[PDB]
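Trainee: One structure coming up, written as structure tokens, with questions to follow.
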Ligand SMILES: Nc1ncnc2c1ncn2[C@@H]1O[C@H](CSCC[C@H](N)C(=O)O)[C@@H](O)[C@H]1O
Ligand SMILES: Nc1ncnc2c1ncn2[C@@H]1O[C@H](CSCC[C@H](N)C(=O)O)[C@@H](O)[C@H]1O
Ligand SMILES: Nc1ncnc2c1ncn2[C@@H]1O[C@H](CSCC[C@H](N)C(=O)O)[C@@H](O)[C@H]1O
Ligand SMILES: Nc1ncnc2c1ncn2[C@@H]1O[C@H](CSCC[C@H](N)C(=O)O)[C@@H](O)[C@H]1O
Ligand SMILES: Nc1ncnc2c1ncn2[C@@H]1O[C@H](CSCC[C@H](N)C(=O)O)[C@@H](O)[C@H]1O
Ligand SMILES: Nc1ncnc2c1ncn2[C@@H]1O[C@H](CSCC[C@H](N)C(=O)O)[C@@H](O)[C@H]1O
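Protein chains in written order, with the deposited numbering: chain C, 22 to 303; chain B, 22 to 302; chain C', 22 to 303; chain B', 22 to 302; chain B'', 22 to 302; chain C'', 22 to 303. A prime marks a further copy of an entry chain.
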């Protein structure tokens, strides 16, 4: 949709906040203690940035553990909604996977190829720019598909049909996602990020219809709540310190801070769930 | 500047929220009991817009009370940052004043003029598409200048210099504004609305250096804090009610809700003051 | 020349620094004690701005005194190199003069008409945009011409010929200007402002050739030196306080500060002279 | 950004001052006795350019001494902010290094390549027109990275993160830069050259957070202060010598003289430090 | 407090420097041409003491001019921090005023009284050994209060509160003092003389909160800077002239010279202002 | 004299400024480059303190070098005017000397015994509290005497007679001292510190009378000038940072700063000399 233009235009802010390096993640970070680190020695934007980065990697490491990526994500896999390729390179390098990276933000694909060349995995990571519900996917059967915080953009009934045609029997669909637990329980997240979160039931119903079984359903809501404290704290540090900010840039950072507070309030209100689902194709 | 274009762009989203009147207002509302009305069983967008418009009108009635608009605001006045003309029309109609309405949003100028005719005061209300800190003084001396929530956009020293030359001696400068009470006290407000809020002392110093005497200072922070609850409710009523909203306007509305939530929290955090000021030349 | 484009493009900085109001001056200020005021209660940019403005008006008041503007500048006069009209309105209002305001910066003429309307002298102040050495000047004989800090842009032999045709006998040419006293003694001023300052002899030679006599020659170098301290101090205050400055705006202010220091050093090196000349047409 | 365009624009005024070589350098000179040569009876522009170029070359010789470029700077290195390639060529020729020269001025990239061929090291020197804080890591691990007067343009935390991924363990990061020694100590330098200078501690903190160890810190403020006297003299020699200078370029030269005068004063005011740093991964 | 004892201790070293008069003054001198007299071929301690005493007297004559002591300082006044009574006697004799002289140095009170008799105004000059911020109001309303170089020792808010109750409406408060013009601008002065100097704004704020209006503000920094040269010269003339000085008093004199040298440097550094202020109740 | 009471009472300030540890020096520091170090990373009082301490040790190391302490100061020696024992322990430990430490400040002797016990040299360092010109010195002939910045307190004719009786033939008198080169050229130093500096001629005349020859005369004025910059800078840092200072303590620090500036000005005025003399007994 317009979401590809919305993801295009914030390329600059993502590299500012979640860069640099070759692996830039754009998803919430995982704090296995449900507590944000205390930042004392160093309260500059770069301190929160590196802490956000490290715990965003912690999210991937945690997922590969509970999903047993050693055998389930080491083969030929789809990285649906790849962002800037942080996840894509993570599977390619940590588990040797051959990755097809999918995005509807064209500005992003060349960045992912750059970063893959960079780490030397350009022969095992490929991008393609299309909608993930209409994608023609040459590349034979894939052993798995991973969606880190992108399935909220998808039509789930139709998306799971798509994956049923391109995933071999017994292949996995691994989803990290914001879900509702009550109705409207993720509205702040939904309206601000142009997503349409549903319940875990909705995902399971749509996946069952296309021939997938739910084999794992993990609640990481409490372990990802600290991400909003760090995300907020970073935004405050930039506003507080950098005096080269134009009035326009300063207002976007302000709007980002205002949103991070309302998102963090929602996260703990009990109406949403940060989940890790894994489906197996029947 | 980019602000004048920023006001141009939000003309439609702002007639939706605060229209249609012939008076559309773009300032916080004044709730004299310092609490929003409990909204009954009608919690639709129009129920809240009507309440927002009501207390927006009340803010001007209250300003007119404490300023004694009978004598001070009933002559040849500048409406500096007229928005969509709601304040301009107010002074023309309720106090028989002749009003020159200044803005840097050129799209808003026709709207103020069209509404001036439909009220039959088009012969008492002209517009000036210019910067407030470069005001044409041809147009003779003015009796007073009123700035309802616009002066956070101004270079106060320079603006008061301009006012010192266009305003007769004893002329009043009537200001409603968000001021700081401490450093960084209005940062959400400042960074979201593209303003540079300053303290009351800052304003009095700049006015003095241009020959102006601060003669009145009222704190109305408590009475305007409920505006954020009604403004937040209206936004929720829209996201909740109409499922024929495009994803793009649904996301803009969402961002406004997060903003209103951050803005109202800062309104009560202590660092900010919604104030009413009057200077005399 | 290109000087009109150079004067056009700094319209923004002049209003920032020497505005607002209706009378914006762009010339050095006059401090009759040869001492800059001590700024203590208020060291914000607006304090220095108002002090610069007030002493720039002091320059005009001082000039009208030593030039006896009551009879010499109350008639029909040429304001050559009018800037933004500060001088022009000053003669029009203080002494009732009918002013023809001349500039080679077209962006500036509409600003001067605006300010003249503003003060109600639009029937007694007119602009025309041309080079001051090729100007066709309808408007009969003029009783005087005033040039506040503009004659450094002119060919003096040719300019004085021009004034000899349009000034009645016994009319005055009033010049405030930077002059050299030694060779190269105004080079910092000259190269930075695109002027060509000469000596007082050079001016007198060129004016004698076209039929003018030098009747007054005043040295205001010491009374205008404090202007550089205030001009510098303002520039520092803006840089020090305003945190909305872009890197580009901050570098121009820095470059302005660097120039104000070198100009202030030149001013006192003994090589230049801030002069007030008055010539009478023979 | 606007900086990369700002470097594009001054290509001609900078080949005039520091060319023609095949090595053109755009960093201060190093005067080991901390004083400029007394210039004899030849005080022409070329006399000063030759002296400027001499000590610019000496700065790289001195950096190569204290860094031991024999082993640390003789492999596959990044030349981050290569200017017109003078430093790049230096490492290729004097230390038999293979050099990838990074800039954000696209006009400068052909000039660096052309000069790499004319020296016969075009097979040891490639260019990368990109931002330094988004460096292509395809191109294998590098031995070291050198930044002569470019890092004031960088986001140091982010830049060191990028370096942590492109540089082998034990790889060196060699920096010559203007640092602050106190707040606002390099403001003339910063506001004129579009940099954000920071202290040595700032640099070590950002390097640490990316796994880098500060292993060397040399103060060369005294030895580089005369550069401003030679740079100022050159400019004066040009304004003084050639009367076939257009008013526009005569005014640009004049502004550079006022700048050099303000820059050299700040160099001795205490608030700034011209330093040489080396980090190890 | 310890200050009142600190004034007690320097009674002899201060009669030596500024005596014997019947008027001994302990404030800087006022040099109307802003330069010390060139001292001829007599450069003895008494030559300089005479010059110091001369311009100390002139400071009070000048204060009396700008304050119009004819009407404002010729009634029932407080001399707050009277020192050794030189200012007290001045107002009694030159302006026919009745003076209540306040100090916290109990040793100084007899000296002020003895000198009041020897001038024949002992019936117009009484003393009050107390703290200035706890003044006995029994003694009826006063016409004015004058504080020559004593108010740096006061809690200004509290002091002005006390003044608001002892001074009739329209009563004047006349102050000569070292003020700051910027933070830390009078630190040598403050730390050596045990004062807490504040800005002129600080003083006006505290006076306002007690119902006082600042009506006059004169800067006399230039005219009092030579005092430090004469005060330094006097000290040198003493160390140089008399070889029957004990090592202990020779070291005290030496320390005073280093102090005067540091004090006079700070007087011209910009951070300080010797000012004359008048408030009206 | 009263000088012992003056040295007693500033025990507190010396430990604050030149402590802690076991070796506290009270003499100027030696900067072999004639340049004070640039303090940038750390401008707290402790940075200047440690730099002052290190260069005060540098003074002793420099003296032992030019005096060849390996054989001239390793034997049984007098440390006249020992301060808090910094010099005394330095000879005892670095060259194995047996030290008799002399002072007229009794508060100081127990501090020196404490510090000697501390370093384990209590059997080779002894204090005695008396005037250095009337001292009965049991302890046989001494091989040398050292006076670091104390001889300014002594009657030189009489003091050298004293040393002639207690020093074996060929023994050394090693003096570090402020000397005048012009008359009054050390007055600031003299009056502030209760010393009576004389010229090098005066010292040589008095030492010749008691049977000593001047064999070495070194000018260290330029190498010790940076000490005043550091001493001043420390005093400023304490005043600037510590907010627990009483008004009385703050005024003494101020008075100290005022003195350090006038002492530093004197040091470079050309009227005084920081000298290292060595005399040999005939
Ligand atoms: N309709 C659609 N089809 C394909 N990709 C989409 C899409 N809508 C959104 N996306 C992509 O989904 C991603 C959401 S955030 C990126 C997530 C990334 N895997 C990470 O965690 O690092 C973006 O890359 C966005 O471009
Ligand atoms: N620089 C500028 N010059 C003139 N008007 C400006 C301005 N910057 C902002 N404004 C105007 O000031 C107004 C701010 S909000 C509108 C306030 C209006 N009185 C009301 O209460 O409805 C807008 O009209 C905006 O366009
Ligand atoms: N060749 C030329 N012909 C006419 N005007 C010129 C000119 N060159 C420069 N000027 C004008 O001379 C002025 C110099 S500064 C403006 C001076 C003004 N009178 C004041 O003091 O307020 C500018 O207005 C500039 O546009
Ligand atoms: N963001 C950025 N990314 C990459 N290079 C940059 C940059 N910003 C500035 N630079 C480059 O850094 C250099 C700064 S000055 C040139 C330094 C060069 N080593 C020499 O001494 O000659 C310029 O080449 C400039 O274009
Ligand atoms: N707390 C206090 N209460 C009353 N007097 C005080 C005081 N602290 C200081 N003073 C006095 O104020 C005077 C300061 S200096 C003496 C000033 C005197 N008017 C003159 O010019 O000679 C001293 O007399 C001192 O004792
Ligand atoms: N008349 C006297 N007799 C003996 N010692 C004296 C003296 N007068 C001063 N002194 C001592 O001389 C010393 C001067 S400063 C201390 C110097 C010490 N050697 C050091 O550099 O670390 C003090 O210890 C002081 O007490």
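No residue lacks a Cβ here, since even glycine has one placed at the ideal position from N, Cα and C.
1. Name the chain C residues whose beta carbon is nearer than 7 Å to that of residue 182 of chain B'?
2. Compute the beta-carbon to beta-carbon distance between residue 272 of chain C and residue 212 of chain B, rounded to the nearest angstrom, for a pair I have assumed lies under 8 Å.
3. Cβ of residue 61 of chain C' less than 8 Å from any chain B'' Cβ?
4. What is the C-beta distance between residue 61 of chain C'' and residue 61 of chain B', in whole angstroms, given that I count them as a contact (C-beta under 8 Å)?
5. Write down the C-beta distance between residue 85 of chain B and residue 106 of chain B rounded to the nearest angstrom, noting that I regard them as a contact closer than 8 Å.
6. If we ignore side chains and look at the alpha-carbon of each, how far apart do residue 157 of chain C and residue 125 of chain C end up?
7. In chain order, what residues of the segment 139 to 157 of chain B' put their CB closer than 7 Å to some CB of chain C?
8. Can you name the residues of chain C' whose CB is closer than 9 Å to the CB of residue 164 of chain B?
9. Counting only Cβ pairs nearer than 7 Å, list the residues of chain C'' close to residue 269 of chain B''.
10. Could you confirm whether any beta carbon from chain C' is found closer than 8 Å to the beta carbon of residue 227 of chain B'?
11. Of all Cβ atoms in chain C, is any one closer than 8 Å to the Cβ of residue 215 of chain B?
12. So for residue 203 of chain C, helix, strand or coil by DSSP?
13. Mark residue 216 of chain C'' as exposed unless 16 or more other C-beta atoms lie within 10 angstroms of its C-beta, in which case mark it buried.
14. Measure the Cβ-Cβ separation of residue 221 of chain C and residue 297 of chain C and say whether it is below 8 Å.
15. Ordered along the chain, which non-local residues of its own chain (more than five positions away) have a Cβ less than 7 Å from that of residue 219 of chain C?
16. Could you check which residue in C':207, C':75 and C':48 has the C-alpha nearest to that of residue 58 of chain C'?
17. What are the complete alpha helix (DSSP H) segments, minimum 4 residues, inside the segment 198 to 245 of chain C'?
18. Starting from residue 272 of chain B and walking both ways along the alpha helix (DSSP H), at which residues does that stretch end?
19. Could you please give me the residues that DSSP links to residue 169 of chain B through a beta bridge?
20. What are the boundary residues of the beta strand (DSSP E) that includes residue 56 of chain C''?
21. Per DSSP, residue 120 of chain B' is paired with what?
22. Do residue 251 of chain B'' and residue 69 of chain B'' have their beta-carbon atoms positioned less than 8 Å apart in this structure?
23. Identify which residue in C:167, C:45, C:26 and C:99 has its Cα closest to the Cα of residue 128 of chain C.
24. Leaving out five residues on either side along the sequence, give the residues of the same chain with a beta carbon under 7 Å from the beta carbon of residue 35 of chain C'.
25. Are there any heavy atoms of ligand 3 lying less than 7 Å away from the beta-carbon of residue 193 of chain C', as far as the coordinates show?
26. Leaving out five residues before and five after residue 145 of chain B'' in sequence, what residues of the same chain have Cβ atoms less than 6 Å from its Cβ?
27. Have a look at C:28, C:67 and C:268 and flag the residue whose alpha-carbon is nearest the alpha-carbon of residue 223 of chain B'.
28. Can you determine whether any heavy atom of ligand 3 sits closer than 7 Å to the C-beta of residue 170 of chain C', and answer yes or no?
29. Could you check where the alpha helix (DSSP H) with residue 44 of chain C'' kicks off and where it finishes?
Mentor: The answer reads as follows:
1. Locating residue 182 of chain B' in the fourth chain gives position 161, counting from the first residue. Neighbours of residue 182 of chain B' on chain C, chain order: 41 and 42.
2. Your numbering for residue 272 of chain C matches position 251 in the first chain. Your numbering for residue 212 of chain B matches position 191 in the second chain. Confirmed, about 4 Å.
3. For the purposes of this step, residue 61 of chain C' is taken as the residue at position 40 of the third chain. Chain B'' contact via Cβ: present.
4. What you label residue 61 of chain C'' is simply residue 40 of the sixth chain in a count that begins at 1. What you label residue 61 of chain B' is simply residue 40 of the fourth chain in a count that begins at 1. That pair is no contact at about 37 Å.
5. Here the question's residue 85 of chain B lines up with position 64 in the second chain. Here the question's residue 106 of chain B lines up with position 85 in the second chain. Not quite, the Cβ-Cβ distance comes to about 17 Å (not below 8 Å), so this is no contact.
6. Looking up residue 157 of chain C in the first chain gives position 136. Looking up residue 125 of chain C in the first chain gives position 104. Residue 157 of chain C and residue 125 of chain C: Cα-Cα distance of roughly 13 Å.
7. 154, 155 and 157
8. Position 143 of the second chain holds residue 164 of chain B. Within 9 Å Cβ-Cβ: nothing; residue 164 of chain B doesn't reach chain C', min ~17 Å.
9. For the purposes of this step, residue 269 of chain B'' is taken as the residue at position 248 of the fifth chain. Ordered by position in chain C'', the residues that pass the 7 Å Cβ test against residue 269 of chain B'' are 23.
10. What you label residue 227 of chain B' is simply residue 206 of the fourth chain in a count that begins at 1. Chain C', which has no Cβ nearer than 8 Å to the Cβ of residue 227 of chain B', makes this no.
11. By one-based count along the second chain, residue 215 of chain B stands at place 194. Yes, its Cβ sits closer than 8 Å to a Cβ of chain C.
12. On the first chain, position 182 is the one that residue 203 of chain C refers to. The answer is coil: DSSP assigns residue 203 of chain C none of H, G, I, E or B.
13. Here the question's residue 216 of chain C'' lines up with position 195 in the sixth chain. The residue is buried, with at least 16 neighbouring Cβ atoms inside 10 Å.
14. On the first chain, residue 221 of chain C is found 200 positions in, with the first residue counted as 1. On the first chain, residue 297 of chain C is found 276 positions in, with the first residue counted as 1. Result no, Cβ atoms of residue 221 of chain C and residue 297 of chain C do not sit closer than 8 Å.
15. What you label residue 219 of chain C is simply residue 198 of the first chain in a count that begins at 1. Closer than 7 Å at Cβ, skipping near neighbours: 177, 200 and 201.
16. As a working mapping, residue 58 of chain C' is identified with position 37 in the third chain. Among C':207, C':75 and C':48, the Cα nearest to that of residue 58 of chain C' is on C':75.
17. 208 to 214, 221 to 230 and 242 to 245
18. By one-based count along the second chain, residue 272 of chain B stands at place 251. Unbroken alpha helix (DSSP H) run through residue 272 of chain B: 268 to 289.
19. Here residue 169 of chain B is taken as the residue at index 148 of the second chain, counted from 1. Residue 169 of chain B pairs with B:197.
20. Sequence index remark: in the sixth chain, residue 56 of chain C'' carries index 35 (1-based). Segment: none, residue 56 of chain C'' is in no beta strand (DSSP E) and carries neither H nor E.
21. Locating residue 120 of chain B' in the fourth chain gives position 99, counting from the first residue. Residue 120 of chain B' pairs with B':98 and B':146.
22. Within the fifth chain, numbered from 1, the residue matching residue 69 of chain B'' stands at position 48. Within the fifth chain, numbered from 1, the residue matching residue 251 of chain B'' stands at position 230. Contact flag set, yes.
23. In the first chain, counting from the first residue as 1, residue 128 of chain C sits at position 107. Of the listed residues, the one whose Cα sits closest to residue 128 of chain C is C:26.
24. For the purposes of this step, residue 35 of chain C' is taken as residue 14 along the third chain, with counting starting at 1. The residues are 45, 47 and 105.
25. Numbered from its first residue, the third chain carries residue 193 of chain C' at position 172. Residue 193 of chain C' Cβ: outside cutoff for every heavy atom of ligand 3.
26. Within the fifth chain, numbered from 1, the residue matching residue 145 of chain B'' stands at position 124. Counting only Cβ-Cβ distances below 6 Å, and skipping sequence neighbours, we find 113 and 119.
27. Within the fourth chain, residue 223 of chain B' is the residue found at index 202, counting from 1. Minimum Cα distance to residue 223 of chain B' is reached at C:67.
28. Stepping through the third chain from its first residue, residue 170 of chain C' is reached at position 149. Checking the Cβ of residue 170 of chain C' against ligand 3 gives yes.
29. Within the sixth chain, the letter at position 23 stands for residue 44 of chain C''. First-last for residue 44 of chain C'': undefined, no H or E at that position.
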